[PDB]
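Visitor: Take this structure first; my questions come after.
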Amino acid sequence: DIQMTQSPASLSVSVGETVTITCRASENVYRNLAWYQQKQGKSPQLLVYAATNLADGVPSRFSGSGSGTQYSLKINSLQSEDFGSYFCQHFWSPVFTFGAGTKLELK
Amino acid sequence: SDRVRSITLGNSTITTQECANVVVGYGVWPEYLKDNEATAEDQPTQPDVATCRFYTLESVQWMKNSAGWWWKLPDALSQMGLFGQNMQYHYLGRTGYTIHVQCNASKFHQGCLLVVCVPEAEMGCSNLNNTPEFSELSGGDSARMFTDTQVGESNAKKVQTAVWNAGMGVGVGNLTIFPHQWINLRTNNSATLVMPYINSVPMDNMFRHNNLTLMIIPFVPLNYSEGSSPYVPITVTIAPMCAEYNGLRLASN
Amino acid sequence: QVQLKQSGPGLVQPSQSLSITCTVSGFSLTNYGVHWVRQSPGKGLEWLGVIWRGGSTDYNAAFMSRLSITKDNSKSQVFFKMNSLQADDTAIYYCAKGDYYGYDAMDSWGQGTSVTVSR
Amino acid sequence: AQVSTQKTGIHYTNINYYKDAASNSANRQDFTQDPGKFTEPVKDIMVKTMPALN
Amino acid sequence: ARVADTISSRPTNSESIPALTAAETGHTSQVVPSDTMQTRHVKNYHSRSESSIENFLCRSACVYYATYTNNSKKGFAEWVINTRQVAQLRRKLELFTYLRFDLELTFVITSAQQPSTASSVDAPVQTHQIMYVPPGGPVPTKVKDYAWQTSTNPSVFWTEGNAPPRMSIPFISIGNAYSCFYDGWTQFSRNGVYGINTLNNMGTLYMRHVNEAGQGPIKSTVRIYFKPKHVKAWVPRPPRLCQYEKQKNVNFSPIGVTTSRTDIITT
Amino acid sequence: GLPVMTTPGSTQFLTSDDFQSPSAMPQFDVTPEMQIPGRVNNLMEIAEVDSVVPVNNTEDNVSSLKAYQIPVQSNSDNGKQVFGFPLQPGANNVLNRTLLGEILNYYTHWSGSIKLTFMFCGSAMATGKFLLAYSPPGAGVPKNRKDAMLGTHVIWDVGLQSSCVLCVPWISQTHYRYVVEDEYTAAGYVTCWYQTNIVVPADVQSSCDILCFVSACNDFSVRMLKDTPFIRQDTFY
Ligand SMILES: CCCCCCCCCCCCCCCC(=O)O
């Protein structure tokens, strides 16, 4: 079908640092992309949809950029509420495929 | 002062303090069916106050990255009072409409909405071998929303809701050939359209055919600075005009 | 408004069918569809199926035959069934609604029901 | 027999030979224009020299 | 049909504001160039004659072509009548929602010789039959059939080497106008066929050879031409931007509204 | 037997001939005619309706609603250009797909004046003044506001009436112009310049937008009908 490659696997940043997480697809998904955040042992939360748009309660530190087969998320200033797992998912056509995952450290 | 209007229909009244002119269809006011154009031979029903009044749908929220909404017009009023009750017991019906789209914001907001009214807006599917299903063509007085991206094919027979083709395969800037108004937040507060009955037959079944479609599309996106109110709704209020029904039998649906 | 939640058997024997029921609230099933996602420890997140707002389904190609999802709009409840339950099915199952402003993305998720397929 | 005007920058004649009115020639000289139902589909008439809103 | 002419104007300094308007009213400005600049008097002898609907639409356009071979028992052609298989006439009729016209029908029939094996093929002149069956009648199943007796169905015979056959058709419909677009279903339960295919019921056209297969196969091709007369049209519609994909519906794949240029001030 | 003599042009099929033909269904009773609203008699009734012009193609906005939005900011200089395009209403890719330009691509010749309406879709607390210019050919496209003010221009003051019309007059050597691209019948250029700046108060966004509409005047006409290049086919549907 179509597989979403998420890079990198893990990161180590600090509060106030800019984080860039990218995703790559096998073929074009036409900006039919979503981003999720998962905290410790809970349900995921929708964060960025349609490859640019932000969700309902999501603050303006997150930013979605990409078109075609290359996509990226940017976090401008880190806080204590932002560490955890980040996935990317396409909803272009079945079968829908999630990303591998990217975890943040905040050392 | 051309800036104020007042529309009275039945037991309901619309008051507007800031508006443009009123657009009347193709220059035709809605009226009843004449004797030389009628086909069915039995006497039609004319409720005249229980149906010809203002009904208000649900409200949608205008966002900074919103794409657009649409409604199917003799389908959003299918559970609305005694207008929806006469549709279920009768087989034929003809109706003109008065549409009032309303959206208020301050002098510190900006944006621009196009409010068109399209007759026989036949739409397309994402899977090219199929046709769209009913549930995705129309909701019960709830807006179906355009997308800023291109929709892919699936087992749901969805509508191709890329907003720049308007779901019909045309140019969205050429949508001003239909009766339309604009809502510019700099100068305008509401829009009013009076539509007559448009069909190729004098009466038609009001459940198997939607002969009007109301689209609202933001050409200039909503924008404000920090401190202004972030929640801006859009409310649609539709009134039937000169509605008559024919062919009374048991209740469908 | 408030949102959905689910209920589950918890843990059953191998080669036994599973039934988890998601009950929705705050919205109607005629306007939105329900997705079924599986958070695995070894395989991450994976999408099992969807029941669309019209009533048609779509299933994963790996799990096509064993999986079946139905719903009833009046009771506002969704029922799905999976069969033959091998050892790799030990994961956390979620029900989540889509059609987030027409954009087919998962809006709000359930609380999850972690299952274990061992004896 | 009908005698008409023959579009130019002189007359011509015409006789119908069949019994059905769907058998005739094309019209081609019916020149009517009413753009006011598309360009000015408003309720209150707007004067060109006056401001649109007051 | 003459266009409006130009009036002379003088320098103005007043409170009249023809240039300033409000486009939110749904109203096009009725301004002429003699309101914003100084013009001269110009007599216009231009005419709007060639842009009427009786001039724009009344031209013959190919709608179909079918093929049938002589030396076969199933060697006849069949076509369900519609106007949605060619791209040029479909885009012209779909500038309007409702249309009402009489029709002129023209057939262009040619033939070609197929690779036989007999010596000294000398073929006579070929004669064809085109039969129209309204919806509900009997349909032919082979070439030598009883159904070609055409007691009540209209048909036409034509011999090769002459003028093409031509006949007129009145406004045949059950409604008051032809519909190019239909936003509805054929069933009251809102299932099954959605769109313009529910209103399309016009009949079927049948074509065959009247001669017998003499000594070699002959493969013929008939082309069909539509020409609307006495046209009336209502509710104009934007032109088709995307490309057509199917016949039964208006499905498409999205495309940009124009083509690109490199900068907003690029001339 | 009246002696006749057949002329050249017999037994031919010209696709635009005007003759009578026998009917296939004699004495057919058609359905009576109804009064449907919105009857079109002339294609020029369509071309006098405003249509939104995508001035902002820029190779990334064509599959979006951003193509119809003209960006307008608050500057630190003066005399800047807003947009600019040549006046080729059926050959230039800005006006090619508008409702005026889609009728022009069915015809070969055109003649008449052209309306251009600009709407200011900004905040009600913002002001500004613009120069809307049109220059006939013979020179190049104007590079400055000083070169652009020598032609036909209107100065637009943004206020409560949020629209202004720049009426392009018919200035040609011939009676008609070709719809296709031709250097013999060029028509000129339409540019836009900052007259003053966009002055905006606090807590209001500095960036605004402008919509643009095109239509035809009542002296517009077309000629020599042809087939459009905006549709293709390989096989039947
Ligand atoms: C030899 C006999 C020939 C008779 C052929 C009759 C052909 C009928 C054509 C019907 C016209 C259809 C017009 C288009 C209708 C639509 O737009 O849906």
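In the structure tokens, chains take letters A, B, ... by order of appearance, with residues numbered from 1 within each chain and ligands from 1 in the order shown.
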With 8 Å as the limit and counting only C-alpha atoms, what residues in chain F lie close to chain B? Please list them as a PyMOL selection string.

Guide: chain F and resi 34+36-38+46+49-53+63-65+68-69+97-99+121-125+160+162+203-205+209

Visitor: Using C-alpha atoms, can you write the selected residues to a file as a PDB file, in the first residue's frame?

Guide:
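Okay, selection_25.pdb is ready:
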```pdb
ATOM      1  CA  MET F  34     -43.893  27.039 -19.197  1.00  0.00           C
ATOM      2  CA  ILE F  36     -39.248  29.442 -16.275  1.00  0.00           C
ATOM      3  CA  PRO F  37     -37.215  32.315 -14.762  1.00  0.00           C
ATOM      4  CA  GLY F  38     -33.896  33.324 -16.251  1.00  0.00           C
ATOM      5  CA  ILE F  46     -23.726  36.424 -19.615  1.00  0.00           C
ATOM      6  CA  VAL F  49     -21.737  39.693 -15.199  1.00  0.00           C
ATOM      7  CA  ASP F  50     -18.781  40.212 -12.865  1.00  0.00           C
ATOM      8  CA  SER F  51     -16.446  37.262 -12.387  1.00  0.00           C
ATOM      9  CA  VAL F  52     -13.607  36.956  -9.899  1.00  0.00           C
ATOM     10  CA  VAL F  53     -10.198  37.204 -11.570  1.00  0.00           C
ATOM     11  CA  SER F  63      -5.163  24.856  -6.603  1.00  0.00           C
ATOM     12  CA  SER F  64      -6.412  27.068  -3.768  1.00  0.00           C
ATOM     13  CA  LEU F  65      -8.576  30.089  -3.055  1.00  0.00           C
ATOM     14  CA  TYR F  68      -8.092  35.387  -6.193  1.00  0.00           C
ATOM     15  CA  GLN F  69      -6.527  37.286  -3.272  1.00  0.00           C
ATOM     16  CA  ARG F  97     -10.848  31.240 -17.576  1.00  0.00           C
ATOM     17  CA  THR F  98     -13.096  34.039 -16.318  1.00  0.00           C
ATOM     18  CA  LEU F  99     -16.746  34.170 -17.370  1.00  0.00           C
ATOM     19  CA  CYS F 121     -11.714  43.244   1.701  1.00  0.00           C
ATOM     20  CA  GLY F 122      -9.879  44.692   4.697  1.00  0.00           C
ATOM     21  CA  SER F 123     -10.728  46.002   8.126  1.00  0.00           C
ATOM     22  CA  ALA F 124     -13.112  48.935   8.548  1.00  0.00           C
ATOM     23  CA  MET F 125     -10.449  50.893  10.465  1.00  0.00           C
ATOM     24  CA  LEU F 160     -17.504  53.280   3.063  1.00  0.00           C
ATOM     25  CA  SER F 162     -15.646  49.692  -0.847  1.00  0.00           C
ATOM     26  CA  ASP F 203      -4.528  45.746  17.461  1.00  0.00           C
ATOM     27  CA  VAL F 204      -5.565  45.561  13.779  1.00  0.00           C
ATOM     28  CA  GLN F 205      -3.839  43.292  11.265  1.00  0.00           C
ATOM     29  CA  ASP F 209      -6.683  41.624   0.606  1.00  0.00           C
TER      30      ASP F 209
END
```

Visitor: Would you pick out the contacts of region 89-100 of chain A at 8 Å or less, using only C-alpha atoms, so that residues sharing its chain but fewer than 6 positions from it are not included, and give the list as an MDAnalysis selection string?

Guide: (chainID A and resid 1:6 9 23 29:30 32:35) or (chainID B and resid 151:154) or (chainID C and resid 44:47 58:61 104:105)

Visitor: From a DSSP pass on the backbone, collect the residues of chain D flagged as strand (DSSP E) and hand them back as an NGL selection string.

Guide: :D and (2-4 or 12-14)

Visitor: Keeping only N, CA, C and O atoms, write those residues as an mmCIF file, in the first residue's frame.

Guide:
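Saved to part_22.cif:
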```
data_model
loop_
_atom_site.group_PDB
_atom_site.id
_atom_site.type_symbol
_atom_site.label_atom_id
_atom_site.label_comp_id
_atom_site.auth_asym_id
_atom_site.auth_seq_id
_atom_site.Cartn_x
_atom_site.Cartn_y
_atom_site.Cartn_z
ATOM 1 N N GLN D 2 -43.486 34.483 -47.762
ATOM 2 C CA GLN D 2 -43.012 35.493 -46.828
ATOM 3 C C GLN D 2 -41.758 36.156 -47.381
ATOM 4 O O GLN D 2 -40.852 35.478 -47.871
ATOM 5 N N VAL D 3 -41.714 37.483 -47.305
ATOM 6 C CA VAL D 3 -40.587 38.274 -47.792
ATOM 7 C C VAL D 3 -39.955 38.977 -46.598
ATOM 8 O O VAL D 3 -40.625 39.744 -45.896
ATOM 9 N N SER D 4 -38.671 38.724 -46.368
ATOM 10 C CA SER D 4 -37.954 39.225 -45.201
ATOM 11 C C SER D 4 -36.773 40.088 -45.650
ATOM 12 O O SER D 4 -36.641 40.425 -46.825
ATOM 13 N N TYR D 12 -35.379 38.735 -49.480
ATOM 14 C CA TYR D 12 -35.396 37.346 -49.911
ATOM 15 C C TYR D 12 -36.765 36.762 -49.591
ATOM 16 O O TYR D 12 -37.492 37.267 -48.735
ATOM 17 N N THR D 13 -37.109 35.682 -50.285
ATOM 18 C CA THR D 13 -38.423 35.067 -50.173
ATOM 19 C C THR D 13 -38.311 33.689 -49.532
ATOM 20 O O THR D 13 -37.228 33.097 -49.492
ATOM 21 N N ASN D 14 -39.431 33.191 -49.012
ATOM 22 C CA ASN D 14 -39.458 31.933 -48.281
ATOM 23 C C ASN D 14 -40.863 31.353 -48.312
ATOM 24 O O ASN D 14 -41.834 32.069 -48.058
#
```

Visitor: Just give me the gap between CA of residue 168 (chain F) and CA of residue 113 (chain F) in Å, one decimal is fine.

Guide: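 Computing it gives 5.7 Å between the two atoms.
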
Visitor: Would you name the residues within 6 Å of ligand 1, counting only C-alpha atoms and all ligand atoms, and put them as a PyMOL selection string?

Guide: (chain E and resi 83+130-132+154-156+178-180+200+202) or (chain F and resi 24)

Visitor: Write the selection just made, keeping N, CA, C and O atoms, as a PDB file, in the first residue's frame?

Guide:
```pdb
ATOM      1  N   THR E  83     -26.470  12.632 -25.320  1.00  0.00           N
ATOM      2  CA  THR E  83     -25.641  13.744 -25.773  1.00  0.00           C
ATOM      3  C   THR E  83     -24.445  13.949 -24.853  1.00  0.00           C
ATOM      4  O   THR E  83     -23.986  15.070 -24.649  1.00  0.00           O
ATOM      5  N   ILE E 130     -31.545   2.451 -41.162  1.00  0.00           N
ATOM      6  CA  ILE E 130     -31.403   3.004 -39.821  1.00  0.00           C
ATOM      7  C   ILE E 130     -32.788   3.052 -39.200  1.00  0.00           C
ATOM      8  O   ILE E 130     -33.658   3.789 -39.676  1.00  0.00           O
ATOM      9  N   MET E 131     -32.989   2.281 -38.138  1.00  0.00           N
ATOM     10  CA  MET E 131     -34.289   2.136 -37.503  1.00  0.00           C
ATOM     11  C   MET E 131     -34.258   2.695 -36.088  1.00  0.00           C
ATOM     12  O   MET E 131     -33.336   2.414 -35.320  1.00  0.00           O
ATOM     13  N   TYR E 132     -35.276   3.480 -35.743  1.00  0.00           N
ATOM     14  CA  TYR E 132     -35.403   4.073 -34.417  1.00  0.00           C
ATOM     15  C   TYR E 132     -36.520   3.366 -33.665  1.00  0.00           C
ATOM     16  O   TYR E 132     -37.650   3.291 -34.153  1.00  0.00           O
ATOM     17  N   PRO E 154     -40.368   4.591 -36.931  1.00  0.00           N
ATOM     18  CA  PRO E 154     -39.822   5.305 -38.092  1.00  0.00           C
ATOM     19  C   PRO E 154     -38.430   4.801 -38.445  1.00  0.00           C
ATOM     20  O   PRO E 154     -37.586   4.599 -37.571  1.00  0.00           O
ATOM     21  N   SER E 155     -38.193   4.599 -39.739  1.00  0.00           N
ATOM     22  CA  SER E 155     -36.900   4.152 -40.231  1.00  0.00           C
ATOM     23  C   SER E 155     -36.594   4.871 -41.534  1.00  0.00           C
ATOM     24  O   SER E 155     -37.444   5.563 -42.098  1.00  0.00           O
ATOM     25  N   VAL E 156     -35.366   4.705 -42.019  1.00  0.00           N
ATOM     26  CA  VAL E 156     -34.924   5.341 -43.253  1.00  0.00           C
ATOM     27  C   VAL E 156     -33.997   4.382 -43.996  1.00  0.00           C
ATOM     28  O   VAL E 156     -33.213   3.645 -43.391  1.00  0.00           O
ATOM     29  N   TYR E 178     -35.819  20.221 -21.738  1.00  0.00           N
ATOM     30  CA  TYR E 178     -34.760  19.251 -21.514  1.00  0.00           C
ATOM     31  C   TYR E 178     -33.919  19.679 -20.323  1.00  0.00           C
ATOM     32  O   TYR E 178     -33.683  20.866 -20.097  1.00  0.00           O
ATOM     33  N   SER E 179     -33.461  18.699 -19.556  1.00  0.00           N
ATOM     34  CA  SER E 179     -32.645  18.952 -18.379  1.00  0.00           C
ATOM     35  C   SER E 179     -31.229  18.476 -18.657  1.00  0.00           C
ATOM     36  O   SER E 179     -31.023  17.320 -19.036  1.00  0.00           O
ATOM     37  N   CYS E 180     -30.259  19.372 -18.485  1.00  0.00           N
ATOM     38  CA  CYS E 180     -28.862  18.979 -18.581  1.00  0.00           C
ATOM     39  C   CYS E 180     -28.316  18.487 -17.252  1.00  0.00           C
ATOM     40  O   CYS E 180     -27.337  17.734 -17.240  1.00  0.00           O
ATOM     41  N   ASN E 200     -32.933  10.458 -18.585  1.00  0.00           N
ATOM     42  CA  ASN E 200     -32.598  10.123 -19.966  1.00  0.00           C
ATOM     43  C   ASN E 200     -33.379   8.885 -20.383  1.00  0.00           C
ATOM     44  O   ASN E 200     -33.064   7.769 -19.958  1.00  0.00           O
ATOM     45  N   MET E 202     -34.810   8.178 -24.208  1.00  0.00           N
ATOM     46  CA  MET E 202     -35.041   8.715 -25.541  1.00  0.00           C
ATOM     47  C   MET E 202     -35.135   7.667 -26.634  1.00  0.00           C
ATOM     48  O   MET E 202     -35.561   8.005 -27.743  1.00  0.00           O
TER      49      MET E 202
ATOM     50  N   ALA F  24     -39.975  13.172 -39.046  1.00  0.00           N
ATOM     51  CA  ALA F  24     -40.077  11.740 -38.819  1.00  0.00           C
ATOM     52  C   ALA F  24     -41.299  11.353 -38.000  1.00  0.00           C
ATOM     53  O   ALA F  24     -41.760  10.211 -38.102  1.00  0.00           O
TER      54      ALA F  24
END
```

Visitor: I need the chain E residues near chain B as an MDAnalysis selection string; criterion: at most 10 Å, counting only C-alpha atoms.

Guide: chainID E and resid 22:27 97:99 174:196 234:246 248:258

Visitor: Would you pick out the contacts of residue 106 (chain A) at 9 Å or less, using only C-alpha atoms, so that residues sharing its chain but fewer than 4 positions from it are not included, and give the list as a list in words?

Guide: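 The residues that qualify are residues 11, 12, 13, 14, 15, 78, 80 and 83 of chain A.
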